[PDB]
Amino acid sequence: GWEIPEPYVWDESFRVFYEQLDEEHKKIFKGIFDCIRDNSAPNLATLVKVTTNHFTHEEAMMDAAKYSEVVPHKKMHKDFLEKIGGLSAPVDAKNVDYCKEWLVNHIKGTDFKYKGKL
């Protein structure tokens, strides 16, 4: 899989060139970064909030564009929200690692497929 940033921050290799989606990706990196350093019930819920908002938006753009790989992508999103929606603070190290991995892998292995398509 792709390199997990340490510190856990977005960098330009994750860019999709759709400004609001890129800004959304930057806030999910920051949401996980904050849960790592302050593994609190508010930060977990903020993470769930910013990830649900991003997924609704990215799906709206894929549907508007009639992007034909939207259906497996939506399933990826649904499963992730179900997993982080089911967590409670403090999130254990396995699940923090899962989240760090999932974001990196999701943007470069799946969100990258819509580059120039939305």
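Just count from 1 along the sequence shown to find any residue number.
Between 87 to 95 and 23 to 31, the higher mean Cα B-factor belongs to 87 to 95. Annotation for residue 63: C-alpha temperature factor in the middle third relative to the rest of the modelled chain, per the entry.
For residue 102, the recorded CA temperature factor ranks within the lowest third of the chain's modelled residues. Among all modelled residues in this chain, the alpha-carbon of residue 114 has a temperature factor (C-alpha) in the lowest third. The deposited CA B-factor of residue 76 belongs to the highest third of values across its chain. The entry lists a Cα temperature factor for residue 37 that places it in the highest third of the chain's modelled residues.
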